[PDB]
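Read the structure below first, then the notes.
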Amino acid sequence: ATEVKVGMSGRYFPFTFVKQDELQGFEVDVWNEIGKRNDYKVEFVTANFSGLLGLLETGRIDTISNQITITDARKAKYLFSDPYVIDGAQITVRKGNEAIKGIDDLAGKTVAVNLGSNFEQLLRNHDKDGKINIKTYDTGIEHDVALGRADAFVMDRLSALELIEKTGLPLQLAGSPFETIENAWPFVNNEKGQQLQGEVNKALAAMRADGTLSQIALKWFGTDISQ
Ligand SMILES: [Cl-]
Ligand SMILES: [Cl-]
Ligand SMILES: [K+]
């Protein structure tokens, strides 16, 4: 059997998170089904998001299942599979705050972003004159905004929506998503990476056909986020 290592953070509800001392979520269920279909011994390695892409290049993991958005720079540095989730980058503020209607309102504000994430680069590209006070983190991002240490943060709409409705955090969506994001699994451009890529695309396409991918998405979001 082929050993495959899947990097994640364990702090990305409901994609990858811990509850009752169990590492679970959307990314966990998906790669267990992939491992059934390709004779993989899947091994989950939890690490902060800022170092997941580093672990991938060094070779201590084989891929990452953590909503890795495909970017122009990441295309040149890694291989990617077919996108399995499509969404948009969302600004989210504290509940009751109407002083921030979108990304153009961040001038002079403090916006939290995960370090090394596509949301940081997008935010720095949307900061032409240094108006925004970008604060980068790996944990406690949505908590600083709900408490007041940061004015807003930028993630995907899906995860923020579940924190607002399911979890119940005192947060609200700030406007409409300003950038579509296509999320796929990155691979190292080597023999095993090319081998995993082609075999994962065949499993991903096979899961979309029989509805298994939709079953996983409905369990973790109530909505088929694969569509
Ligand atoms: Cl990312
Ligand atoms: Cl900096
Ligand atoms: K991302």
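Starting from 1 in every chain, residues are counted up; chains themselves are A, B, ... following the order of the structure tokens, and ligands are numbered from 1 as listed.
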
Exercise. Around ligand 1, at most 7 Å away and counting only C-alpha atoms and all ligand atoms, which residues are there? Put them as a PyMOL selection string, please.
Key: chain A and resi 67-69+117-118

Those residues you just picked out, can you put them in a file as a PDB file, in the first residue's frame with N, CA and C atoms?
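Output contents, as saved in result18.pdb:
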ATOM      1  N   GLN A  67      -8.219  23.648   2.015  1.00  0.00           N
ATOM      2  CA  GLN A  67      -8.780  24.696   1.164  1.00  0.00           C
ATOM      3  C   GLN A  67      -7.677  25.560   0.554  1.00  0.00           C
ATOM      4  N   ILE A  68      -6.727  24.895  -0.098  1.00  0.00           N
ATOM      5  CA  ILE A  68      -5.608  25.580  -0.738  1.00  0.00           C
ATOM      6  C   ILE A  68      -6.113  26.209  -2.032  1.00  0.00           C
ATOM      7  N   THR A  69      -6.118  27.537  -2.087  1.00  0.00           N
ATOM      8  CA  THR A  69      -6.554  28.243  -3.282  1.00  0.00           C
ATOM      9  C   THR A  69      -5.441  28.263  -4.322  1.00  0.00           C
ATOM     10  N   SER A 117      -1.580  32.946   3.523  1.00  0.00           N
ATOM     11  CA  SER A 117      -2.795  32.555   2.831  1.00  0.00           C
ATOM     12  C   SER A 117      -3.051  33.485   1.652  1.00  0.00           C
ATOM     13  N   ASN A 118      -3.844  32.988   0.700  1.00  0.00           N
ATOM     14  CA  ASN A 118      -4.211  33.802  -0.454  1.00  0.00           C
ATOM     15  C   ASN A 118      -4.932  35.073  -0.031  1.00  0.00           C
TER      16      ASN A 118
END

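The binding environment of ligand 2, defined as every protein, DNA or RNA residue with an atom no more than 12 Å away and counting only C-alpha atoms and all ligand atoms, comprises residues 112, 113, 114, 115, 116, 120, 121, 123, 124, 130, 132, 133, 134, 135, 136 and 137 of chain A.
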
Determine, using only C-alpha atoms and all ligand atoms, which residues of chain A have any atom at most 12 Å from an atom of ligand 3, and tabulate each with its shortest atom pair and distance in Å to one decimal place, rows ordered by chain and then rising number, as JSON lines.
{"residue": "A:8", "atom": "CA", "partner": "ligand 3", "partner_atom_place_in_ligand_line": "1 (K)", "distance": 11.4}
{"residue": "A:9", "atom": "CA", "partner": "ligand 3", "partner_atom_place_in_ligand_line": "1 (K)", "distance": 11.7}
{"residue": "A:12", "atom": "CA", "partner": "ligand 3", "partner_atom_place_in_ligand_line": "1 (K)", "distance": 10.2}
{"residue": "A:15", "atom": "CA", "partner": "ligand 3", "partner_atom_place_in_ligand_line": "1 (K)", "distance": 11.1}
{"residue": "A:49", "atom": "CA", "partner": "ligand 3", "partner_atom_place_in_ligand_line": "1 (K)", "distance": 9.3}
{"residue": "A:50", "atom": "CA", "partner": "ligand 3", "partner_atom_place_in_ligand_line": "1 (K)", "distance": 11.0}
{"residue": "A:52", "atom": "CA", "partner": "ligand 3", "partner_atom_place_in_ligand_line": "1 (K)", "distance": 11.6}
{"residue": "A:53", "atom": "CA", "partner": "ligand 3", "partner_atom_place_in_ligand_line": "1 (K)", "distance": 11.4}
{"residue": "A:64", "atom": "CA", "partner": "ligand 3", "partner_atom_place_in_ligand_line": "1 (K)", "distance": 11.0}
{"residue": "A:65", "atom": "CA", "partner": "ligand 3", "partner_atom_place_in_ligand_line": "1 (K)", "distance": 10.2}
{"residue": "A:66", "atom": "CA", "partner": "ligand 3", "partner_atom_place_in_ligand_line": "1 (K)", "distance": 7.1}
{"residue": "A:67", "atom": "CA", "partner": "ligand 3", "partner_atom_place_in_ligand_line": "1 (K)", "distance": 4.9}
{"residue": "A:68", "atom": "CA", "partner": "ligand 3", "partner_atom_place_in_ligand_line": "1 (K)", "distance": 4.6}
{"residue": "A:69", "atom": "CA", "partner": "ligand 3", "partner_atom_place_in_ligand_line": "1 (K)", "distance": 4.9}
{"residue": "A:70", "atom": "CA", "partner": "ligand 3", "partner_atom_place_in_ligand_line": "1 (K)", "distance": 8.6}
{"residue": "A:71", "atom": "CA", "partner": "ligand 3", "partner_atom_place_in_ligand_line": "1 (K)", "distance": 10.0}
{"residue": "A:74", "atom": "CA", "partner": "ligand 3", "partner_atom_place_in_ligand_line": "1 (K)", "distance": 11.7}
{"residue": "A:85", "atom": "CA", "partner": "ligand 3", "partner_atom_place_in_ligand_line": "1 (K)", "distance": 10.8}
{"residue": "A:86", "atom": "CA", "partner": "ligand 3", "partner_atom_place_in_ligand_line": "1 (K)", "distance": 10.9}
{"residue": "A:87", "atom": "CA", "partner": "ligand 3", "partner_atom_place_in_ligand_line": "1 (K)", "distance": 10.2}
{"residue": "A:88", "atom": "CA", "partner": "ligand 3", "partner_atom_place_in_ligand_line": "1 (K)", "distance": 10.0}
{"residue": "A:89", "atom": "CA", "partner": "ligand 3", "partner_atom_place_in_ligand_line": "1 (K)", "distance": 8.7}
{"residue": "A:90", "atom": "CA", "partner": "ligand 3", "partner_atom_place_in_ligand_line": "1 (K)", "distance": 11.3}
{"residue": "A:113", "atom": "CA", "partner": "ligand 3", "partner_atom_place_in_ligand_line": "1 (K)", "distance": 10.4}
{"residue": "A:114", "atom": "CA", "partner": "ligand 3", "partner_atom_place_in_ligand_line": "1 (K)", "distance": 8.7}
{"residue": "A:115", "atom": "CA", "partner": "ligand 3", "partner_atom_place_in_ligand_line": "1 (K)", "distance": 10.4}
{"residue": "A:116", "atom": "CA", "partner": "ligand 3", "partner_atom_place_in_ligand_line": "1 (K)", "distance": 9.1}
{"residue": "A:117", "atom": "CA", "partner": "ligand 3", "partner_atom_place_in_ligand_line": "1 (K)", "distance": 5.6}
{"residue": "A:118", "atom": "CA", "partner": "ligand 3", "partner_atom_place_in_ligand_line": "1 (K)", "distance": 5.7}
{"residue": "A:119", "atom": "CA", "partner": "ligand 3", "partner_atom_place_in_ligand_line": "1 (K)", "distance": 6.9}
{"residue": "A:120", "atom": "CA", "partner": "ligand 3", "partner_atom_place_in_ligand_line": "1 (K)", "distance": 9.7}
{"residue": "A:121", "atom": "CA", "partner": "ligand 3", "partner_atom_place_in_ligand_line": "1 (K)", "distance": 10.9}
{"residue": "A:122", "atom": "CA", "partner": "ligand 3", "partner_atom_place_in_ligand_line": "1 (K)", "distance": 11.0}
{"residue": "A:154", "atom": "CA", "partner": "ligand 3", "partner_atom_place_in_ligand_line": "1 (K)", "distance": 10.1}
{"residue": "A:155", "atom": "CA", "partner": "ligand 3", "partner_atom_place_in_ligand_line": "1 (K)", "distance": 7.3}
{"residue": "A:156", "atom": "CA", "partner": "ligand 3", "partner_atom_place_in_ligand_line": "1 (K)", "distance": 7.4}
{"residue": "A:157", "atom": "CA", "partner": "ligand 3", "partner_atom_place_in_ligand_line": "1 (K)", "distance": 11.1}
{"residue": "A:158", "atom": "CA", "partner": "ligand 3", "partner_atom_place_in_ligand_line": "1 (K)", "distance": 11.4}
{"residue": "A:159", "atom": "CA", "partner": "ligand 3", "partner_atom_place_in_ligand_line": "1 (K)", "distance": 10.8}
{"residue": "A:179", "atom": "CA", "partner": "ligand 3", "partner_atom_place_in_ligand_line": "1 (K)", "distance": 12.0}
{"residue": "A:180", "atom": "CA", "partner": "ligand 3", "partner_atom_place_in_ligand_line": "1 (K)", "distance": 11.2}
{"residue": "A:181", "atom": "CA", "partner": "ligand 3", "partner_atom_place_in_ligand_line": "1 (K)", "distance": 8.0}
{"residue": "A:182", "atom": "CA", "partner": "ligand 3", "partner_atom_place_in_ligand_line": "1 (K)", "distance": 9.0}
{"residue": "A:183", "atom": "CA", "partner": "ligand 3", "partner_atom_place_in_ligand_line": "1 (K)", "distance": 7.2}
{"residue": "A:184", "atom": "CA", "partner": "ligand 3", "partner_atom_place_in_ligand_line": "1 (K)", "distance": 9.7}
{"residue": "A:185", "atom": "CA", "partner": "ligand 3", "partner_atom_place_in_ligand_line": "1 (K)", "distance": 10.9}
{"residue": "A:186", "atom": "CA", "partner": "ligand 3", "partner_atom_place_in_ligand_line": "1 (K)", "distance": 11.7}

Quiz item: At what distance in Å, to one decimal, does CA of residue 126 in chain A lie from CA of residue 100 in chain A?
Solution: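 Taking CA of residue 100 in chain A as the start and CA of residue 126 in chain A as the end point, the length is 15.2 Å.
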
Exercise. May I have the residues within 12 Å of residue 148 in chain A as a list in words, using only C-alpha atoms and disregarding those fewer than 2 positions away in the same chain?
Key: residues 93, 94, 95, 97, 109, 110, 111, 112, 140, 141, 142, 143, 144, 145, 146, 150, 151, 152, 153, 170 and 171 of chain A

Quiz item: Neighbours of residue 161 in chain A within 9 Å (only C-alpha atoms; same-chain residues fewer than 5 positions away dropped), as a PyMOL selection string?
Solution: chain A and resi 156+166+172-173

Practice problem: Excluding residue 219 in chain A and residues on its chain fewer than 2 positions from it, collect all residues at most 12 Å away from it, counting only C-alpha atoms, and give them as JSON, numbers by chain. | Solution: {"A": [14, 15, 24, 25, 26, 27, 29, 30, 212, 213, 214, 215, 216, 217, 221, 222, 223, 224, 225]}

Quiz item: Can you tell me, as a ChimeraX atom specification, what residues are no more than 7 Å from residue 187 in chain A when counting only C-alpha atoms, ignoring any on the same chain fewer than 6 positions away?
Solution: /A:62-63,78-80,193,197

Quiz item: To one decimal place, how far is CA of residue 139 in chain A from CA of residue 45 in chain A in Å?
Solution: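 Here the two named atoms are 17.1 Å from each other.
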
Practice problem: Between CA of residue 208 in chain A and CA of residue 31 in chain A, measure the distance and give it in Å to one decimal. | Solution: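 Spanning CA of residue 208 in chain A to CA of residue 31 in chain A is a straight-line distance of 13.7 Å.
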
Practice problem: Between A:200, A:205, A:174, A:160, single out the one closest to residue 99 in chain A, counting only C-alpha atoms. | Solution: A:174

Quiz item: When DSSP works through the backbone of this structure, what residues of range 72-102 of chain A end up as strand (DSSP E), shown as a ChimeraX atom specification?
Solution: /A:79-80,85-94

Taking the DSSP secondary structure from the backbone, can you list the residues of chain A that are helix (DSSP H, G or I), as a short mmCIF file (atom, residue, chain, number, x, y, z; two decimals) with N, CA, C and O atoms, in the first residue's frame?
data_model
loop_
_atom_site.label_atom_id
_atom_site.label_comp_id
_atom_site.auth_asym_id
_atom_site.auth_seq_id
_atom_site.Cartn_x
_atom_site.Cartn_y
_atom_site.Cartn_z
N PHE A 26 -14.48 18.38 7.00
CA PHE A 26 -14.75 18.12 5.59
C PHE A 26 -13.52 17.53 4.90
O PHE A 26 -13.64 16.57 4.13
N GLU A 27 -12.34 18.10 5.15
CA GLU A 27 -11.13 17.61 4.52
C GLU A 27 -10.79 16.20 4.98
O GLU A 27 -10.22 15.42 4.20
N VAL A 28 -11.12 15.86 6.22
CA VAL A 28 -10.82 14.53 6.74
C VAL A 28 -11.68 13.48 6.05
O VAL A 28 -11.18 12.44 5.61
N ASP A 29 -12.98 13.73 5.95
CA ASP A 29 -13.89 12.76 5.35
C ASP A 29 -13.58 12.55 3.87
O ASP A 29 -13.71 11.44 3.36
N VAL A 30 -13.17 13.62 3.18
CA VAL A 30 -12.92 13.51 1.74
C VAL A 30 -11.72 12.62 1.47
O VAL A 30 -11.78 11.72 0.62
N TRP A 31 -10.62 12.83 2.19
CA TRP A 31 -9.41 12.08 1.93
C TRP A 31 -9.45 10.66 2.47
O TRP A 31 -8.66 9.82 2.04
N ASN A 32 -10.35 10.37 3.42
CA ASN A 32 -10.57 8.98 3.79
C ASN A 32 -11.29 8.23 2.68
O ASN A 32 -11.02 7.04 2.45
N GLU A 33 -12.21 8.90 1.97
CA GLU A 33 -12.87 8.27 0.84
C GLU A 33 -11.90 8.09 -0.32
O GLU A 33 -11.92 7.06 -1.01
N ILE A 34 -11.05 9.10 -0.56
CA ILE A 34 -10.01 8.96 -1.59
C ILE A 34 -9.09 7.80 -1.26
O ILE A 34 -8.72 7.01 -2.13
N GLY A 35 -8.72 7.67 0.02
CA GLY A 35 -7.84 6.58 0.43
C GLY A 35 -8.47 5.21 0.25
O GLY A 35 -7.76 4.23 0.04
N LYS A 36 -9.80 5.13 0.35
CA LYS A 36 -10.47 3.86 0.09
C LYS A 36 -10.40 3.49 -1.38
O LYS A 36 -10.27 2.31 -1.73
N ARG A 37 -10.47 4.49 -2.26
CA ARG A 37 -10.59 4.27 -3.69
C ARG A 37 -9.26 4.06 -4.40
O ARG A 37 -9.25 3.63 -5.56
N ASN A 38 -8.13 4.35 -3.74
CA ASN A 38 -6.83 4.26 -4.39
C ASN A 38 -5.82 3.43 -3.61
O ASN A 38 -4.63 3.45 -3.95
N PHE A 49 -1.02 26.71 9.51
CA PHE A 49 -1.18 26.93 8.07
C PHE A 49 0.04 27.59 7.45
O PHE A 49 0.35 27.35 6.28
N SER A 50 0.76 28.42 8.22
CA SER A 50 1.90 29.13 7.66
C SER A 50 3.05 28.19 7.32
O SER A 50 3.99 28.59 6.63
N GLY A 51 3.01 26.94 7.80
CA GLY A 51 4.09 26.01 7.55
C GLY A 51 3.67 24.79 6.76
O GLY A 51 4.50 23.93 6.45
N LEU A 52 2.38 24.72 6.41
CA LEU A 52 1.89 23.57 5.64
C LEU A 52 2.53 23.52 4.26
O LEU A 52 2.98 22.46 3.81
N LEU A 53 2.57 24.67 3.57
CA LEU A 53 3.20 24.70 2.25
C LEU A 53 4.70 24.46 2.34
O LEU A 53 5.31 23.98 1.38
N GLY A 54 5.31 24.79 3.48
CA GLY A 54 6.72 24.46 3.66
C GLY A 54 6.94 22.97 3.84
O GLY A 54 7.88 22.41 3.27
N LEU A 55 6.08 22.32 4.63
CA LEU A 55 6.18 20.87 4.80
C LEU A 55 6.00 20.16 3.47
O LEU A 55 6.62 19.12 3.22
N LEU A 56 5.15 20.70 2.60
CA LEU A 56 4.92 20.09 1.29
C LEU A 56 6.19 20.10 0.45
O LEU A 56 6.56 19.08 -0.13
N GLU A 57 6.87 21.24 0.40
CA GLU A 57 8.08 21.34 -0.42
C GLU A 57 9.21 20.48 0.15
O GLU A 57 9.93 19.82 -0.61
N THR A 58 9.36 20.46 1.47
CA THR A 58 10.44 19.69 2.08
C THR A 58 10.24 18.19 1.89
O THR A 58 11.21 17.43 1.85
N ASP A 72 -1.56 32.31 -9.12
CA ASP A 72 -0.55 32.36 -10.17
C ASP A 72 0.82 31.92 -9.66
O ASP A 72 1.54 31.18 -10.34
N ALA A 73 1.19 32.37 -8.45
CA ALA A 73 2.47 31.97 -7.89
C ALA A 73 2.48 30.50 -7.51
O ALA A 73 3.45 29.78 -7.77
N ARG A 74 1.39 30.02 -6.89
CA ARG A 74 1.33 28.62 -6.49
C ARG A 74 1.29 27.68 -7.69
O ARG A 74 1.73 26.53 -7.59
N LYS A 75 0.76 28.14 -8.83
CA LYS A 75 0.79 27.33 -10.04
C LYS A 75 2.23 27.05 -10.47
O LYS A 75 2.55 25.95 -10.92
N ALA A 76 3.11 28.04 -10.32
CA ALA A 76 4.50 27.87 -10.74
C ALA A 76 5.29 27.03 -9.76
O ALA A 76 6.30 26.42 -10.14
N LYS A 77 4.87 26.97 -8.49
CA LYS A 77 5.63 26.27 -7.47
C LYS A 77 5.11 24.88 -7.15
O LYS A 77 5.84 24.09 -6.55
N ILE A 103 -14.58 45.71 1.16
CA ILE A 103 -13.12 45.78 1.22
C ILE A 103 -12.61 47.20 0.99
O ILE A 103 -11.48 47.52 1.40
N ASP A 104 -13.40 48.06 0.36
CA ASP A 104 -13.01 49.45 0.17
C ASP A 104 -13.16 50.28 1.44
O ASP A 104 -12.74 51.45 1.45
N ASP A 105 -13.75 49.73 2.49
CA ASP A 105 -13.89 50.41 3.77
C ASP A 105 -12.75 50.10 4.73
O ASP A 105 -12.74 50.62 5.85
N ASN A 118 -3.84 32.99 0.70
CA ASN A 118 -4.21 33.80 -0.45
C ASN A 118 -4.93 35.07 -0.03
O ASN A 118 -4.90 36.07 -0.75
N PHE A 119 -5.58 35.05 1.14
CA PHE A 119 -6.28 36.24 1.62
C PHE A 119 -5.31 37.35 2.00
O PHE A 119 -5.65 38.53 1.89
N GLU A 120 -4.10 37.00 2.43
CA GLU A 120 -3.10 38.01 2.75
C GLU A 120 -2.62 38.72 1.49
O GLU A 120 -2.57 39.95 1.44
N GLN A 121 -2.25 37.95 0.47
CA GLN A 121 -1.77 38.54 -0.78
C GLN A 121 -2.86 39.38 -1.44
O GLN A 121 -2.61 40.50 -1.90
N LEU A 122 -4.08 38.85 -1.50
CA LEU A 122 -5.21 39.61 -2.04
C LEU A 122 -5.40 40.91 -1.27
O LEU A 122 -5.66 41.96 -1.87
N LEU A 123 -5.25 40.87 0.06
CA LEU A 123 -5.42 42.07 0.86
C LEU A 123 -4.27 43.05 0.63
O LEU A 123 -4.49 44.27 0.55
N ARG A 124 -3.04 42.55 0.50
CA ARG A 124 -1.92 43.43 0.21
C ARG A 124 -2.02 44.02 -1.19
O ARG A 124 -1.56 45.14 -1.42
N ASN A 125 -2.61 43.28 -2.13
CA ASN A 125 -2.83 43.84 -3.46
C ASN A 125 -3.96 44.85 -3.46
O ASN A 125 -3.97 45.78 -4.28
N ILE A 141 -8.10 34.23 14.83
CA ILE A 141 -8.41 35.29 13.87
C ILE A 141 -9.84 35.79 14.07
O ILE A 141 -10.07 36.98 14.31
N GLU A 142 -10.81 34.88 13.98
CA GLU A 142 -12.21 35.26 14.15
C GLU A 142 -12.52 35.70 15.58
O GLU A 142 -13.54 36.35 15.80
N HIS A 143 -11.66 35.37 16.54
CA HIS A 143 -11.92 35.73 17.93
C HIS A 143 -11.53 37.17 18.22
O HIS A 143 -12.18 37.83 19.04
N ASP A 144 -10.47 37.68 17.58
CA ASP A 144 -10.07 39.06 17.80
C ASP A 144 -11.10 40.04 17.25
O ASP A 144 -11.28 41.13 17.81
N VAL A 145 -11.79 39.67 16.17
CA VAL A 145 -12.81 40.55 15.60
C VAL A 145 -14.06 40.54 16.47
O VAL A 145 -14.69 41.58 16.69
N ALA A 146 -14.45 39.36 16.97
CA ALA A 146 -15.63 39.28 17.83
C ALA A 146 -15.41 39.99 19.15
O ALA A 146 -16.38 40.43 19.79
N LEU A 147 -14.15 40.12 19.59
CA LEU A 147 -13.84 40.80 20.83
C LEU A 147 -13.51 42.28 20.62
O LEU A 147 -13.90 43.12 21.44
N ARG A 157 -16.24 32.54 2.50
CA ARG A 157 -17.60 32.77 2.99
C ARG A 157 -18.13 31.53 3.71
O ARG A 157 -18.86 31.66 4.70
N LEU A 158 -17.76 30.34 3.25
CA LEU A 158 -18.35 29.11 3.77
C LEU A 158 -18.05 28.94 5.26
O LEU A 158 -18.97 28.75 6.07
N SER A 159 -16.77 29.00 5.64
CA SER A 159 -16.41 28.79 7.03
C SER A 159 -16.98 29.89 7.93
O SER A 159 -17.45 29.61 9.04
N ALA A 160 -16.95 31.14 7.46
CA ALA A 160 -17.50 32.23 8.26
C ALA A 160 -19.00 32.08 8.43
O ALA A 160 -19.55 32.39 9.50
N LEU A 161 -19.70 31.60 7.39
CA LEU A 161 -21.14 31.41 7.49
C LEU A 161 -21.49 30.37 8.55
O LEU A 161 -22.49 30.52 9.27
N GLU A 162 -20.70 29.31 8.66
CA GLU A 162 -20.98 28.28 9.65
C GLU A 162 -20.70 28.77 11.06
O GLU A 162 -21.37 28.34 12.01
N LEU A 163 -19.72 29.66 11.23
CA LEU A 163 -19.47 30.23 12.54
C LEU A 163 -20.59 31.17 12.97
O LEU A 163 -20.86 31.31 14.17
N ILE A 164 -21.25 31.81 12.00
CA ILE A 164 -22.31 32.75 12.32
C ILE A 164 -23.61 32.02 12.64
O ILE A 164 -24.29 32.33 13.63
N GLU A 165 -23.98 31.05 11.81
CA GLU A 165 -25.26 30.36 11.95
C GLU A 165 -25.16 29.16 12.90
O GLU A 165 -25.89 29.08 13.89
N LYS A 166 -24.27 28.22 12.60
CA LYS A 166 -24.16 27.01 13.41
C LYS A 166 -23.49 27.30 14.75
O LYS A 166 -24.08 27.09 15.81
N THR A 167 -22.24 27.77 14.70
CA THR A 167 -21.52 28.04 15.94
C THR A 167 -22.17 29.17 16.73
O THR A 167 -22.26 29.11 17.96
N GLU A 191 7.79 12.58 -9.24
CA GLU A 191 7.14 11.35 -9.68
C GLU A 191 5.90 11.04 -8.84
O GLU A 191 4.81 10.82 -9.38
N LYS A 192 6.06 11.03 -7.51
CA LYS A 192 4.92 10.73 -6.64
C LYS A 192 3.85 11.80 -6.74
O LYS A 192 2.65 11.49 -6.68
N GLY A 193 4.25 13.06 -6.87
CA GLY A 193 3.27 14.13 -7.00
C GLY A 193 2.43 14.00 -8.26
O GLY A 193 1.21 14.14 -8.22
N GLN A 194 3.09 13.75 -9.39
CA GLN A 194 2.36 13.49 -10.63
C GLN A 194 1.53 12.22 -10.52
O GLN A 194 0.42 12.14 -11.05
N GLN A 195 2.06 11.21 -9.81
CA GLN A 195 1.32 9.97 -9.62
C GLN A 195 0.08 10.20 -8.77
O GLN A 195 -1.01 9.71 -9.10
N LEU A 196 0.23 10.94 -7.67
CA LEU A 196 -0.92 11.24 -6.82
C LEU A 196 -1.93 12.13 -7.53
O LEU A 196 -3.14 11.94 -7.38
N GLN A 197 -1.45 13.10 -8.32
CA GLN A 197 -2.34 14.05 -8.96
C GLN A 197 -3.31 13.35 -9.91
O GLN A 197 -4.53 13.55 -9.82
N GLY A 198 -2.79 12.52 -10.81
CA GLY A 198 -3.65 11.83 -11.76
C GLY A 198 -4.60 10.85 -11.10
O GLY A 198 -5.73 10.67 -11.55
N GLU A 199 -4.15 10.20 -10.03
CA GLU A 199 -4.99 9.24 -9.32
C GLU A 199 -6.00 9.92 -8.41
O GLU A 199 -7.04 9.32 -8.11
N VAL A 200 -5.73 11.14 -7.98
CA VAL A 200 -6.69 11.88 -7.16
C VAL A 200 -7.77 12.50 -8.03
O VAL A 200 -8.95 12.54 -7.65
N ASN A 201 -7.40 12.97 -9.23
CA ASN A 201 -8.40 13.50 -10.15
C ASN A 201 -9.36 12.41 -10.60
O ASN A 201 -10.54 12.68 -10.85
N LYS A 202 -8.88 11.17 -10.72
CA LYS A 202 -9.77 10.07 -11.08
C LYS A 202 -10.71 9.71 -9.93
O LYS A 202 -11.85 9.32 -10.17
N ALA A 203 -10.24 9.84 -8.69
CA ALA A 203 -11.11 9.60 -7.54
C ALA A 203 -12.06 10.77 -7.32
O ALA A 203 -13.25 10.55 -7.06
N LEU A 204 -11.56 12.00 -7.42
CA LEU A 204 -12.41 13.17 -7.27
C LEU A 204 -13.54 13.17 -8.29
O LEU A 204 -14.70 13.45 -7.95
N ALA A 205 -13.23 12.86 -9.54
CA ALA A 205 -14.27 12.78 -10.56
C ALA A 205 -15.22 11.63 -10.28
O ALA A 205 -16.43 11.73 -10.55
N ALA A 206 -14.71 10.53 -9.72
CA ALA A 206 -15.57 9.40 -9.39
C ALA A 206 -16.47 9.70 -8.20
O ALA A 206 -17.57 9.16 -8.10
N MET A 207 -16.01 10.56 -7.28
CA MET A 207 -16.84 10.91 -6.13
C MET A 207 -17.96 11.86 -6.52
O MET A 207 -19.07 11.77 -5.99
N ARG A 208 -17.69 12.79 -7.44
CA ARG A 208 -18.73 13.69 -7.93
C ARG A 208 -19.82 12.93 -8.67
O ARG A 208 -20.97 13.38 -8.71
N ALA A 209 -19.48 11.79 -9.28
CA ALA A 209 -20.46 11.07 -10.09
C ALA A 209 -21.49 10.36 -9.21
O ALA A 209 -22.70 10.52 -9.40
N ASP A 210 -21.03 9.57 -8.24
CA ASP A 210 -21.91 8.79 -7.39
C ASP A 210 -22.44 9.59 -6.20
O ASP A 210 -23.13 9.02 -5.34
N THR A 212 -20.89 10.91 -3.63
CA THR A 212 -20.22 10.77 -2.34
C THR A 212 -19.64 12.11 -1.88
O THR A 212 -19.71 12.44 -0.69
N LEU A 213 -19.07 12.88 -2.81
CA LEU A 213 -18.55 14.20 -2.45
C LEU A 213 -19.67 15.11 -1.95
O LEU A 213 -19.48 15.88 -1.01
N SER A 214 -20.85 15.03 -2.58
CA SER A 214 -21.98 15.84 -2.13
C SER A 214 -22.46 15.41 -0.75
O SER A 214 -22.86 16.25 0.06
N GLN A 215 -22.42 14.10 -0.47
CA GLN A 215 -22.80 13.62 0.86
C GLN A 215 -21.90 14.21 1.94
O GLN A 215 -22.38 14.60 3.01
N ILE A 216 -20.60 14.28 1.67
CA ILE A 216 -19.67 14.85 2.63
C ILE A 216 -19.93 16.35 2.79
O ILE A 216 -19.94 16.87 3.92
N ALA A 217 -20.15 17.05 1.68
CA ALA A 217 -20.38 18.49 1.76
C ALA A 217 -21.68 18.81 2.49
O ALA A 217 -21.76 19.80 3.23
N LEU A 218 -22.71 17.99 2.29
CA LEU A 218 -23.98 18.23 2.97
C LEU A 218 -23.87 17.97 4.47
O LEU A 218 -24.56 18.61 5.26
N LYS A 219 -23.00 17.03 4.87
CA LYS A 219 -22.85 16.72 6.28
C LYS A 219 -22.20 17.88 7.03
O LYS A 219 -22.59 18.18 8.17
N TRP A 220 -21.24 18.56 6.41
CA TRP A 220 -20.44 19.57 7.08
C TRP A 220 -20.92 20.99 6.84
O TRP A 220 -20.35 21.92 7.41
N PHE A 221 -21.94 21.19 6.00
CA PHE A 221 -22.40 22.54 5.71
C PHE A 221 -23.90 22.67 5.52
O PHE A 221 -24.39 23.80 5.45
#
